[PDB]
Amino acid sequence: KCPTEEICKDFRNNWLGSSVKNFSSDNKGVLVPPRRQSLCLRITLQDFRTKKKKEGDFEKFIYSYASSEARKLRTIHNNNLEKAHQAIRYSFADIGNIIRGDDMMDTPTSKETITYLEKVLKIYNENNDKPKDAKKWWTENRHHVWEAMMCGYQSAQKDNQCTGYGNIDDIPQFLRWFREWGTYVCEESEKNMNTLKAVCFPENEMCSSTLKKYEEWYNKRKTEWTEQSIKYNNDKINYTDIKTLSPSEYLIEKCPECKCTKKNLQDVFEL
Amino acid sequence: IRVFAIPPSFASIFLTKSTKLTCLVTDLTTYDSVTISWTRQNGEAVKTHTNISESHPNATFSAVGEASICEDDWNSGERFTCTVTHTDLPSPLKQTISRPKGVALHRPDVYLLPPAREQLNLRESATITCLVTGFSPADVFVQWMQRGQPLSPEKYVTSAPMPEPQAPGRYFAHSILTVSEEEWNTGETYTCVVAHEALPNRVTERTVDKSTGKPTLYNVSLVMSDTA
Amino acid sequence: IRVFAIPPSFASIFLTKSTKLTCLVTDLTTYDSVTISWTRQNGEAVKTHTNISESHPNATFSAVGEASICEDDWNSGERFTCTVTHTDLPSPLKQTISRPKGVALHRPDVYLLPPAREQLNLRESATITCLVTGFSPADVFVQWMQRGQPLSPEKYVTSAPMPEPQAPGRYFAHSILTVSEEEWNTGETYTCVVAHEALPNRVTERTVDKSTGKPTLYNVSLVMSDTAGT
Amino acid sequence: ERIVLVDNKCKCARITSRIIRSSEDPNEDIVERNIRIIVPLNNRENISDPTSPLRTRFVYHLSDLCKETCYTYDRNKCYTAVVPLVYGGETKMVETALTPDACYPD
Ligand SMILES: *[C@@H]1O[C@H](CO)[C@@H](O[C@@H]2O[C@H](CO)[C@@H](O)[C@H](O)[C@H]2NC(C)=O)[C@H](O)[C@H]1NC(C)=O
Ligand SMILES: *[C@@H]1O[C@H](CO)[C@@H](O)[C@H](O)[C@H]1NC(C)=O
Ligand SMILES: *[C@@H]1O[C@H](CO)[C@@H](O)[C@H](O)[C@H]1NC(C)=O
Ligand SMILES: *[C@@H]1O[C@H](CO)[C@@H](O)[C@H](O)[C@H]1NC(C)=O
């Protein structure tokens, strides 16, 4: 289901330290992914004022930034296709949540793009009968953003493969960030445990060096694990489908692409 | 019998906008018939007390005894004396409260330093520091507002005052407010409020913006030649 | 008899290359019968102290200790307690301090903040601070210089590190340098050198002067010659 | 089709060229030499030694770099300068990294 050509013509790694809205009142322990930190989506008052004079400029501006973000993601994750596709999916759901105004980021863009979209739809769709609120606008036009950002992805290296969103936007931003963190942690844990079993479980200086590296990585990721786990515990009673599952078993079972097993995640984190 | 009557700090004075005197008993078994009161000059006795808890894990009677009294009474040296009448000691436990008059009174110099250029180039966050220097009582309160609206207390953190190396009498303190980098690029104005006794108005506000440390002059000179 | 033990900072680990452990004891009288033998996690004591301090302004005595342990052993994380057997103590007391396992290694974000223009306008003095943020563990050591030779310790003051409100896993610290205004005029190179575990080369440096940190003007001369090329 | 003639990494010159093509006719194509120079605006005479003051002069000889000091830092090679660090009475001579994330050990 690759998009048509004419619309295509028309259109660090530090998890901590990011800004979250009301960090202590709620969302205690959530970590912003570096991809979301380096997201190519910046909406200012000047851009909104310049794109509100003529019909269709704001939506096309959003599509242009989505395409730029997709191109940046594809140029970053060029080695693996699955990781690049999942980064595209995560960024698409992130920008959808930002459009819907459910973003927890403290940036003015997250708290202001919903107001900008409300104002644009109000000043231009008085009698057009199209939905004027951000939520229904995203609901009806989620396919257009997908096709535009897939065009932006395809311009990077002329990739024939195409993928659908596949029910990604309705997941809350915390759960998606948690899934991304779990995927990264599980991949790095598989690599580190494979190397450790190769070099230390069949010389001593190599074993000591890899042990120090593993201890440092584990010390960082255990604090990250505890923060995300307590955040999940504060924010799991709302949904009954995820209320009865521990974070580790939720990553193992309901996440198909996480590639997280008992030994990979639970036996090393939950002990 | 640890009746530690620590006077409330000036930051506490301008935080809750009320002067609550403290006379708390520590490490004592909880008993009854304890008639706490405050006695001042000329024999005035006005008091309201709450927060009484019978049970404590450390077996210490709370006896918090917080009463609202005007700031001018403290400014007049009313020598607020606690009069905890415990059962073991028939005489009331006298604990006076008064400002230590005689200390130096130097007004702080508030400087709102702009964020570093490299951190903004990293495009991760924007921490604006409020360097407060030169105050002798070392009782400073720092609060931040954006567009006249105070922020949440957890966004900004204030360090405890510590003595200045060059000036032994004066003290200095610092505080940082962390916001997004594009939030700084938006053009919002951040105000740093510094509360101190020595200030003529007891507070001082400084405003930071994008246009506070920008290069006022650019001296580019494009010279191109076709000869060696 | 109260004993205070200061853990060895990473600056003593790196610069000195020998971890000396001491526990000064205040409110203790001068008896001069101190034998502090540091003990491992087991019951076997390893080393005794070398030198002690006797003179005190308040006519007191401090039982400071010293021991030489290999750096790998100190990084391993066993319990080190200074077993004081002074006759002044009515009963033996044990103080337990060790390297706390559970602290991350985050690369510090060292930045240098130039003094504000108002402080320069007051013409009295200028304060130069270093923005060292996002480092773990909490320990940190920073030293200021001026054109290469080190400055006196009494000129710069280091603030106690505090947890970062945005990220509890990281810590921040501040250190101001009070300089005269005539020093800032025709400003010399003021450097912020800080040492921490998470740095690549274990030492980083940031340099500020009048024309770099928030400059009033950008004086540049840009010449191009032989545009034809070869 | 843009061809890169020369590229000095620590000067950041990036001398390139391309032949733009108009409609087919007797030769009127415009030959162009395209350069992209990134001025630092904050670097010194030595980018490694902090003691040297700010440099105002910006010298760019095209022929000299087509075939020494420069202004722009490199991401591949390391810039290490010797720096003094003092704990107490004695001092120890230690290395440092002028720029972060450039050539950190892996
Ligand atoms: C400024 O630049 C000069 C350029 O010659 C440098 O001086 C020497 O630079 C080489 C290059 O690595 C070093 O091996 C020498 O040790 C430097 N000389 C001295 C005396 O240190 C240096 O970078 C700067 N000049 C000085 C005097 O420091
Ligand atoms: C700007 O540069 C010119 C030479 O290019 C110089 O004569 C002038 O003094 C400079 N401006 C200032 C304020 O120094
Ligand atoms: C500014 O640059 C010009 C040209 O390089 C020079 O003549 C002048 O002395 C400089 N002024 C200052 C204050 O550096
Ligand atoms: C010069 O202009 C051409 C267009 O004719 C463009 O392709 C080229 O990139 C330009 N050079 C630079 C350095 O941008």
# chains A, B, ... in the order shown; residues from 1 in each chain; ligands from 1
>>> interface_residues(of="chain D", to="chain B", cutoff="10 Å", atoms="only C-alpha atoms", output="MDAnalysis selection string")
chainID D and resid 56 58:61 63
>>> residues_near_ligand(ligand="ligand 2", cutoff="12 Å", atoms="only C-alpha atoms and all ligand atoms", output="mmCIF file with C-alpha atoms, in the first residue's frame")
data_model
loop_
_atom_site.group_PDB
_atom_site.id
_atom_site.type_symbol
_atom_site.label_atom_id
_atom_site.label_comp_id
_atom_site.auth_asym_id
_atom_site.auth_seq_id
_atom_site.Cartn_x
_atom_site.Cartn_y
_atom_site.Cartn_z
ATOM 1 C CA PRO B 215 25.944 40.154 20.306
ATOM 2 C CA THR B 216 25.084 43.831 19.869
ATOM 3 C CA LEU B 217 27.566 44.221 16.991
ATOM 4 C CA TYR B 218 28.580 41.996 14.081
ATOM 5 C CA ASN B 219 31.851 42.967 12.382
ATOM 6 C CA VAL B 220 31.901 40.625 9.384
ATOM 7 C CA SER B 221 34.230 41.829 6.602
ATOM 8 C CA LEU B 222 34.129 39.735 3.420
ATOM 9 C CA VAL B 223 37.469 40.217 1.636
ATOM 10 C CA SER C 211 35.051 38.031 23.782
ATOM 11 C CA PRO C 215 30.252 38.831 23.756
ATOM 12 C CA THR C 216 29.086 42.369 23.120
ATOM 13 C CA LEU C 217 30.609 42.318 19.624
ATOM 14 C CA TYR C 218 31.972 39.760 17.147
ATOM 15 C CA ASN C 219 35.160 41.277 15.715
ATOM 16 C CA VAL C 220 36.194 39.054 12.787
ATOM 17 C CA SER C 221 38.432 39.681 9.764
ATOM 18 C CA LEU C 222 37.659 37.373 6.830
ATOM 19 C CA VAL C 223 40.154 37.304 3.941
ATOM 20 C CA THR D 56 39.962 37.744 14.681
ATOM 21 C CA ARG D 57 41.879 37.019 11.478
ATOM 22 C CA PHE D 58 40.269 34.414 9.206
#
>>> residues_near_ligand(ligand="ligand 1", cutoff="10 Å", atoms="only C-alpha atoms and all ligand atoms", output="short mmCIF file (atom, residue, chain, number, x, y, z; two decimals) with C-alpha atoms, in the first residue's frame")
data_model
loop_
_atom_site.label_atom_id
_atom_site.label_comp_id
_atom_site.auth_asym_id
_atom_site.auth_seq_id
_atom_site.Cartn_x
_atom_site.Cartn_y
_atom_site.Cartn_z
CA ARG D 44 41.52 30.47 19.14
CA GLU D 45 44.91 30.52 17.42
CA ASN D 46 45.36 27.08 18.95
CA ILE D 47 42.04 25.27 19.21
CA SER D 48 43.85 22.98 21.65
CA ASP D 49 45.65 25.48 23.92
CA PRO D 50 43.15 27.65 25.86
CA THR D 51 45.75 30.29 26.77
CA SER D 52 45.82 31.93 23.33
CA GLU D 68 50.19 24.74 9.99
CA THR D 69 47.14 25.88 11.96
CA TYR D 79 42.87 17.18 20.38
CA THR D 80 44.69 16.68 23.69
CA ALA D 81 46.39 19.47 25.63
CA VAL D 82 48.37 19.13 28.85
#
>>> interface_residues(of="chain A", to="chain D", cutoff="12 Å", atoms="only C-alpha atoms", output="PyMOL selection string")
chain A and resi 12-13+209-210+213
>>> write_last_selection(atoms="N, CA and C atoms", output="CSV table (one decimal), in the first residue's frame")
chain,number,residue,atom,x,y,z
A,12,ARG,N,24.4,11.3,21.9
A,12,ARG,CA,23.7,11.6,23.1
A,12,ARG,C,23.1,10.3,23.7
A,13,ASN,N,21.9,9.9,23.3
A,13,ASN,CA,21.2,8.7,23.8
A,13,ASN,C,21.0,8.8,25.3
A,209,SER,N,37.3,-6.1,32.3
A,209,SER,CA,36.8,-5.0,31.5
A,209,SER,C,35.3,-5.1,31.1
A,210,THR,N,35.0,-6.3,30.6
A,210,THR,CA,33.6,-6.5,30.2
A,210,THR,C,32.7,-6.6,31.5
A,213,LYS,N,32.1,-2.9,32.3
A,213,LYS,CA,31.1,-2.3,31.4
A,213,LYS,C,29.7,-2.8,31.7
>>> closest_atom_pairs(of="chain A", to="chain C", cutoff="8 Å", atoms="only C-alpha atoms", output="tab-separated table")
residue	atom	partner	partner_atom	distance
A:16	CA	C:167	CA	5.7
A:17	CA	C:167	CA	5.1
A:18	CA	C:166	CA	7.1
A:19	CA	C:166	CA	6.8
A:23	CA	C:166	CA	7.4
A:216	CA	C:105	CA	6.5
A:219	CA	C:104	CA	5.2
A:220	CA	C:104	CA	4.9
A:223	CA	C:169	CA	7.1
>>> write_last_selection(atoms="N, CA, C and O atoms", output="PDB file, in the first residue's frame")
ATOM      1  N   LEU A  16      17.323  10.319  30.448  1.00  0.00           N
ATOM      2  CA  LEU A  16      17.015  11.218  31.548  1.00  0.00           C
ATOM      3  C   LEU A  16      17.383  12.656  31.186  1.00  0.00           C
ATOM      4  O   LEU A  16      18.074  12.925  30.200  1.00  0.00           O
ATOM      5  N   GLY A  17      16.906  13.591  32.008  1.00  0.00           N
ATOM      6  CA  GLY A  17      17.185  14.998  31.821  1.00  0.00           C
ATOM      7  C   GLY A  17      16.185  15.750  30.969  1.00  0.00           C
ATOM      8  O   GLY A  17      16.291  16.979  30.861  1.00  0.00           O
ATOM      9  N   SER A  18      15.222  15.062  30.364  1.00  0.00           N
ATOM     10  CA  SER A  18      14.231  15.724  29.534  1.00  0.00           C
ATOM     11  C   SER A  18      13.161  16.389  30.398  1.00  0.00           C
ATOM     12  O   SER A  18      13.038  16.126  31.597  1.00  0.00           O
ATOM     13  N   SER A  19      12.380  17.262  29.766  1.00  0.00           N
ATOM     14  CA  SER A  19      11.350  18.024  30.459  1.00  0.00           C
ATOM     15  C   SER A  19      10.000  17.330  30.321  1.00  0.00           C
ATOM     16  O   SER A  19       9.561  17.024  29.208  1.00  0.00           O
ATOM     17  N   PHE A  23       6.265  16.859  36.696  1.00  0.00           N
ATOM     18  CA  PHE A  23       7.022  15.630  36.922  1.00  0.00           C
ATOM     19  C   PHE A  23       6.689  15.000  38.271  1.00  0.00           C
ATOM     20  O   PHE A  23       6.657  13.771  38.399  1.00  0.00           O
ATOM     21  N   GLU A 216      28.374  -1.101  34.882  1.00  0.00           N
ATOM     22  CA  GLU A 216      27.973   0.282  34.624  1.00  0.00           C
ATOM     23  C   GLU A 216      26.642   0.339  33.880  1.00  0.00           C
ATOM     24  O   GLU A 216      25.737   1.110  34.243  1.00  0.00           O
ATOM     25  N   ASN A 219      23.884  -0.664  36.191  1.00  0.00           N
ATOM     26  CA  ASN A 219      23.595   0.366  37.181  1.00  0.00           C
ATOM     27  C   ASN A 219      22.742   1.479  36.586  1.00  0.00           C
ATOM     28  O   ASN A 219      21.834   1.992  37.251  1.00  0.00           O
ATOM     29  N   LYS A 220      23.023   1.874  35.343  1.00  0.00           N
ATOM     30  CA  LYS A 220      22.168   2.866  34.689  1.00  0.00           C
ATOM     31  C   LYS A 220      20.769   2.305  34.424  1.00  0.00           C
ATOM     32  O   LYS A 220      19.750   2.920  34.784  1.00  0.00           O
ATOM     33  N   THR A 223      18.295   1.759  37.495  1.00  0.00           N
ATOM     34  CA  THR A 223      17.611   2.988  37.883  1.00  0.00           C
ATOM     35  C   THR A 223      16.520   3.339  36.880  1.00  0.00           C
ATOM     36  O   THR A 223      15.403   3.716  37.270  1.00  0.00           O
TER      37      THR A 223
END
>>> residues_near_ligand(ligand="ligand 4", cutoff="6 Å", atoms="only C-alpha atoms and all ligand atoms", output="list in words")
residues 34, 35 and 36 of chain D
>>> select_by_dssp(residues="region 20-84 of chain D", states="helix (DSSP H, G or I)", output="PyMOL selection string")
chain D and resi 62-66
>>> closest_atom_pairs(of="chain C", to="chain D", cutoff="8 Å", atoms="only C-alpha atoms", output="Markdown table")
| residue | atom | partner | partner_atom | distance |
| --- | --- | --- | --- | --- |
| C:11 | CA | D:87 | CA | 7.7 |
| C:12 | CA | D:87 | CA | 7.7 |
| C:15 | CA | D:92 | CA | 6.4 |
| C:143 | CA | D:85 | CA | 7.3 |
| C:147 | CA | D:51 | CA | 5.3 |
| C:148 | CA | D:51 | CA | 6.8 |
| C:149 | CA | D:84 | CA | 7.6 |
| C:150 | CA | D:84 | CA | 7.4 |
| C:188 | CA | D:53 | CA | 7.9 |
| C:189 | CA | D:51 | CA | 5.9 |
| C:191 | CA | D:50 | CA | 8.0 |
| C:193 | CA | D:85 | CA | 7.8 |
| C:200 | CA | D:104 | CA | 5.2 |
| C:201 | CA | D:96 | CA | 5.7 |
| C:202 | CA | D:96 | CA | 7.0 |
| C:203 | CA | D:96 | CA | 4.8 |
| C:204 | CA | D:96 | CA | 5.4 |
| C:205 | CA | D:98 | CA | 6.2 |
| C:206 | CA | D:98 | CA | 7.7 |
| C:207 | CA | D:50 | CA | 6.5 |
| C:211 | CA | D:54 | CA | 7.0 |
| C:212 | CA | D:42 | CA | 6.1 |
| C:218 | CA | D:41 | CA | 7.5 |
| C:219 | CA | D:56 | CA | 6.1 |
| C:220 | CA | D:56 | CA | 4.4 |
| C:221 | CA | D:57 | CA | 4.7 |
| C:222 | CA | D:58 | CA | 4.6 |
| C:223 | CA | D:59 | CA | 5.4 |
| C:224 | CA | D:60 | CA | 5.1 |
| C:225 | CA | D:61 | CA | 5.3 |
| C:226 | CA | D:62 | CA | 6.1 |
| C:227 | CA | D:62 | CA | 6.4 |
| C:229 | CA | D:63 | CA | 5.1 |
| C:230 | CA | D:63 | CA | 5.7 |
>>> write_last_selection(atoms="N, CA and C atoms", output="compact mmCIF listing (two decimals), in the first residue's frame")
# COMPACT_ATOMS: atom_id res chain seq x y z
N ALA C 11 38.73 12.39 43.05
CA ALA C 11 39.93 13.19 42.82
C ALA C 11 41.12 12.61 43.57
N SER C 12 40.91 12.16 44.81
CA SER C 12 41.97 11.48 45.55
C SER C 12 42.29 10.12 44.94
N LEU C 15 44.20 11.54 41.18
CA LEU C 15 45.38 12.39 41.27
C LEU C 15 46.44 11.78 42.19
N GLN C 143 38.51 22.79 39.75
CA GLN C 143 39.54 23.76 40.07
C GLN C 143 39.61 24.81 38.96
N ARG C 147 45.11 31.71 32.82
CA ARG C 147 46.22 31.69 31.87
C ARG C 147 47.22 30.57 32.15
N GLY C 148 46.79 29.51 32.84
CA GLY C 148 47.62 28.32 32.97
C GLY C 148 48.05 27.97 34.37
N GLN C 149 48.48 28.96 35.16
CA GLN C 149 48.85 28.61 36.52
C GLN C 149 47.61 28.50 37.40
N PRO C 150 47.61 27.59 38.38
CA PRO C 150 46.42 27.39 39.21
C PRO C 150 46.14 28.58 40.12
N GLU C 188 41.58 37.82 30.76
CA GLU C 188 42.44 36.66 30.61
C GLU C 188 41.61 35.39 30.54
N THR C 189 42.24 34.32 30.08
CA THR C 189 41.55 33.04 29.90
C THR C 189 41.28 32.40 31.26
N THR C 191 39.57 29.29 33.16
CA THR C 191 39.26 27.91 32.81
C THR C 191 38.55 27.20 33.95
N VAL C 193 38.19 23.46 35.11
CA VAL C 193 38.69 22.10 34.98
C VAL C 193 38.04 21.25 36.07
N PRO C 200 35.60 11.04 29.25
CA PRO C 200 36.44 10.14 28.43
C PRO C 200 37.90 10.14 28.85
N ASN C 201 38.52 11.31 28.97
CA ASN C 201 39.91 11.42 29.36
C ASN C 201 40.01 11.81 30.84
N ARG C 202 38.91 11.69 31.58
CA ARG C 202 38.77 11.92 33.02
C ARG C 202 38.91 13.39 33.41
N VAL C 203 39.26 14.28 32.48
CA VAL C 203 39.39 15.71 32.75
C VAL C 203 38.87 16.47 31.53
N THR C 204 38.02 17.47 31.78
CA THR C 204 37.53 18.35 30.72
C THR C 204 37.79 19.80 31.12
N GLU C 205 37.77 20.68 30.12
CA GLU C 205 38.11 22.08 30.33
C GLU C 205 37.21 22.97 29.49
N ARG C 206 36.74 24.06 30.10
CA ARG C 206 35.97 25.09 29.42
C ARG C 206 36.61 26.44 29.69
N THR C 207 36.68 27.28 28.66
CA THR C 207 37.41 28.54 28.73
C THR C 207 36.49 29.69 28.34
N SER C 211 35.45 38.12 25.18
CA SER C 211 35.05 38.03 23.78
C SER C 211 34.45 36.68 23.41
N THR C 212 34.25 35.78 24.37
CA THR C 212 33.67 34.47 24.09
C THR C 212 32.34 34.25 24.79
N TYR C 218 31.26 40.84 17.83
CA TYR C 218 31.97 39.76 17.15
C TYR C 218 32.92 40.39 16.14
N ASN C 219 34.15 40.67 16.58
CA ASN C 219 35.16 41.28 15.72
C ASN C 219 35.88 40.18 14.94
N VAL C 220 35.59 40.06 13.65
CA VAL C 220 36.19 39.05 12.79
C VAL C 220 36.71 39.72 11.52
N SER C 221 37.85 39.24 11.03
CA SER C 221 38.43 39.68 9.76
C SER C 221 38.53 38.46 8.86
N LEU C 222 37.86 38.52 7.71
CA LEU C 222 37.66 37.37 6.83
C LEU C 222 38.28 37.70 5.47
N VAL C 223 39.42 37.07 5.18
CA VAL C 223 40.15 37.30 3.94
C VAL C 223 40.14 36.03 3.11
N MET C 224 39.87 36.18 1.81
CA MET C 224 40.02 35.10 0.84
C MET C 224 41.01 35.53 -0.23
N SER C 225 41.94 34.64 -0.56
CA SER C 225 42.98 34.93 -1.55
C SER C 225 43.08 33.78 -2.53
N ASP C 226 43.40 34.13 -3.78
CA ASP C 226 43.51 33.18 -4.89
C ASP C 226 42.22 32.38 -5.05
N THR C 227 41.14 33.11 -5.36
CA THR C 227 39.85 32.48 -5.61
C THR C 227 39.87 31.64 -6.89
N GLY C 229 42.20 29.51 -7.78
CA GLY C 229 42.59 28.17 -7.38
C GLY C 229 43.58 27.53 -8.33
N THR C 230 43.88 26.27 -8.04
CA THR C 230 44.82 25.50 -8.85
C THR C 230 44.43 24.02 -8.88
>>> interface_residues(of="chain B", to="chain C", cutoff="10 Å", atoms="only C-alpha atoms", output="VMD selection string")
chain B and resid 109 to 119 127 to 129 131 133 153 to 166 172 to 179 212 to 228
>>> interface_residues(of="chain B", to="chain A", cutoff="10 Å", atoms="only C-alpha atoms", output="PyMOL selection string")
chain B and resi 122-126+152-155+178-186
>>> write_last_selection(atoms="C-alpha atoms", output="mmCIF file, in the first residue's frame")
data_model
loop_
_atom_site.group_PDB
_atom_site.id
_atom_site.type_symbol
_atom_site.label_atom_id
_atom_site.label_comp_id
_atom_site.auth_asym_id
_atom_site.auth_seq_id
_atom_site.Cartn_x
_atom_site.Cartn_y
_atom_site.Cartn_z
ATOM 1 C CA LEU B 122 22.794 20.617 22.284
ATOM 2 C CA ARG B 123 19.027 21.326 22.006
ATOM 3 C CA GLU B 124 18.120 19.354 25.135
ATOM 4 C CA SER B 125 17.233 21.774 27.950
ATOM 5 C CA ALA B 126 17.643 25.362 29.149
ATOM 6 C CA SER B 152 5.627 24.669 40.579
ATOM 7 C CA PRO B 153 8.213 24.363 43.385
ATOM 8 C CA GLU B 154 9.696 21.190 41.859
ATOM 9 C CA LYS B 155 10.774 22.830 38.582
ATOM 10 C CA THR B 178 15.172 23.858 33.940
ATOM 11 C CA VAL B 179 12.968 24.341 30.864
ATOM 12 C CA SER B 180 13.014 23.115 27.281
ATOM 13 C CA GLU B 181 15.448 24.648 24.807
ATOM 14 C CA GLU B 182 12.744 25.662 22.326
ATOM 15 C CA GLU B 183 10.828 27.062 25.303
ATOM 16 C CA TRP B 184 13.794 29.401 25.735
ATOM 17 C CA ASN B 185 13.728 30.095 21.986
ATOM 18 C CA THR B 186 10.020 30.993 22.212
#
>>> residues_around(residues="residue 77 (chain C)", least_positions_apart="3", cutoff="7 Å", atoms="only C-alpha atoms", output="compact mmCIF listing (two decimals) with N, CA, C and O atoms, in the first residue's frame")
# COMPACT_ATOMS: atom_id res chain seq x y z
N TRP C 74 39.07 -1.06 46.60
CA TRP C 74 38.15 0.01 46.99
C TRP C 74 36.98 0.10 46.03
O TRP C 74 35.84 0.37 46.44
N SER C 98 31.18 2.86 53.03
CA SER C 98 31.73 2.11 51.91
C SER C 98 31.20 2.72 50.62
O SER C 98 30.33 3.60 50.63
N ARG C 99 31.75 2.26 49.50
CA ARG C 99 31.27 2.69 48.19
C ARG C 99 29.86 2.17 47.97
O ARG C 99 29.65 0.95 48.03
>>> residues_around(residues="residue 78 (chain C)", least_positions_apart="3", cutoff="12 Å", atoms="only C-alpha atoms", output="list in words")
residues 39, 40, 41, 42, 69, 71, 72, 73, 74, 75, 81, 96, 97, 98, 99, 100 and 101 of chain C
>>> residues_around(residues="residue 13 (chain B)", least_positions_apart="3", cutoff="12 Å", atoms="only C-alpha atoms", output="PyMOL selection string")
chain B and resi 7-10+16-21+68-71+74+139-141+195-197+202
>>> residues_around(residues="region 87-104 of chain A", least_positions_apart="3", cutoff="6 Å", atoms="only C-alpha atoms", output="PDB file with N, CA and C atoms, in the first residue's frame")
ATOM      1  N   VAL A  20       9.348  17.084  31.457  1.00  0.00           N
ATOM      2  CA  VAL A  20       8.040  16.443  31.506  1.00  0.00           C
ATOM      3  C   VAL A  20       7.090  17.348  32.279  1.00  0.00           C
ATOM      4  N   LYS A  21       5.869  17.495  31.768  1.00  0.00           N
ATOM      5  CA  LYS A  21       4.865  18.336  32.414  1.00  0.00           C
ATOM      6  C   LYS A  21       4.479  17.753  33.768  1.00  0.00           C
ATOM      7  N   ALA A  84      14.282   0.670  12.011  1.00  0.00           N
ATOM      8  CA  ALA A  84      13.872   1.901  11.343  1.00  0.00           C
ATOM      9  C   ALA A  84      12.355   1.984  11.217  1.00  0.00           C
ATOM     10  N   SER A 110       4.076  20.952  22.382  1.00  0.00           N
ATOM     11  CA  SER A 110       3.089  19.939  22.746  1.00  0.00           C
ATOM     12  C   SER A 110       1.817  20.571  23.300  1.00  0.00           C
ATOM     13  N   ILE A 114      -2.082  21.920  19.704  1.00  0.00           N
ATOM     14  CA  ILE A 114      -3.511  21.627  19.764  1.00  0.00           C
ATOM     15  C   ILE A 114      -4.325  22.914  19.666  1.00  0.00           C
ATOM     16  N   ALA A 134      -9.289  18.654  17.496  1.00  0.00           N
ATOM     17  CA  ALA A 134      -8.042  17.983  17.143  1.00  0.00           C
ATOM     18  C   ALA A 134      -8.198  16.467  17.127  1.00  0.00           C
ATOM     19  N   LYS A 135      -8.983  15.918  18.057  1.00  0.00           N
ATOM     20  CA  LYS A 135      -9.099  14.466  18.174  1.00  0.00           C
ATOM     21  C   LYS A 135      -9.759  13.859  16.941  1.00  0.00           C
ATOM     22  N   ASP A 169      -1.516   4.485  17.299  1.00  0.00           N
ATOM     23  CA  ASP A 169      -1.740   5.812  17.863  1.00  0.00           C
ATOM     24  C   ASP A 169      -2.557   5.777  19.149  1.00  0.00           C
TER      25      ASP A 169
END
>>> atom_distance(atom1="CA of residue 108 (chain B)", atom2="CA of residue 132 (chain B)")
6.3 Å
>>> decode(residues="region 110-117 of chain B", atoms="N, CA, C and O atoms", output="PDB file, in the first residue's frame")
ATOM      1  N   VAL B 110      21.364  40.500  43.049  1.00  0.00           N
ATOM      2  CA  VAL B 110      20.783  39.461  42.207  1.00  0.00           C
ATOM      3  C   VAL B 110      21.302  39.614  40.783  1.00  0.00           C
ATOM      4  O   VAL B 110      21.217  40.695  40.189  1.00  0.00           O
ATOM      5  N   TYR B 111      21.842  38.527  40.234  1.00  0.00           N
ATOM      6  CA  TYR B 111      22.322  38.487  38.855  1.00  0.00           C
ATOM      7  C   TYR B 111      21.711  37.271  38.175  1.00  0.00           C
ATOM      8  O   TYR B 111      21.954  36.134  38.595  1.00  0.00           O
ATOM      9  N   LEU B 112      20.921  37.506  37.128  1.00  0.00           N
ATOM     10  CA  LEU B 112      20.252  36.431  36.397  1.00  0.00           C
ATOM     11  C   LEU B 112      21.091  36.102  35.169  1.00  0.00           C
ATOM     12  O   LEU B 112      20.956  36.717  34.111  1.00  0.00           O
ATOM     13  N   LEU B 113      21.970  35.116  35.317  1.00  0.00           N
ATOM     14  CA  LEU B 113      22.883  34.761  34.241  1.00  0.00           C
ATOM     15  C   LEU B 113      22.133  34.035  33.124  1.00  0.00           C
ATOM     16  O   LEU B 113      21.251  33.214  33.397  1.00  0.00           O
ATOM     17  N   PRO B 114      22.457  34.313  31.864  1.00  0.00           N
ATOM     18  CA  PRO B 114      21.798  33.622  30.751  1.00  0.00           C
ATOM     19  C   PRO B 114      22.299  32.194  30.625  1.00  0.00           C
ATOM     20  O   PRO B 114      23.391  31.867  31.113  1.00  0.00           O
ATOM     21  N   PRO B 115      21.528  31.314  29.987  1.00  0.00           N
ATOM     22  CA  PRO B 115      21.998  29.940  29.777  1.00  0.00           C
ATOM     23  C   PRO B 115      23.188  29.891  28.832  1.00  0.00           C
ATOM     24  O   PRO B 115      23.374  30.763  27.979  1.00  0.00           O
ATOM     25  N   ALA B 116      24.000  28.850  29.000  1.00  0.00           N
ATOM     26  CA  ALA B 116      25.189  28.677  28.177  1.00  0.00           C
ATOM     27  C   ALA B 116      24.811  28.387  26.727  1.00  0.00           C
ATOM     28  O   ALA B 116      23.779  27.777  26.439  1.00  0.00           O
ATOM     29  N   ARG B 117      25.670  28.837  25.810  1.00  0.00           N
ATOM     30  CA  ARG B 117      25.389  28.676  24.386  1.00  0.00           C
ATOM     31  C   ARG B 117      25.531  27.223  23.948  1.00  0.00           C
ATOM     32  O   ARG B 117      24.781  26.756  23.084  1.00  0.00           O
TER      33      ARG B 117
END
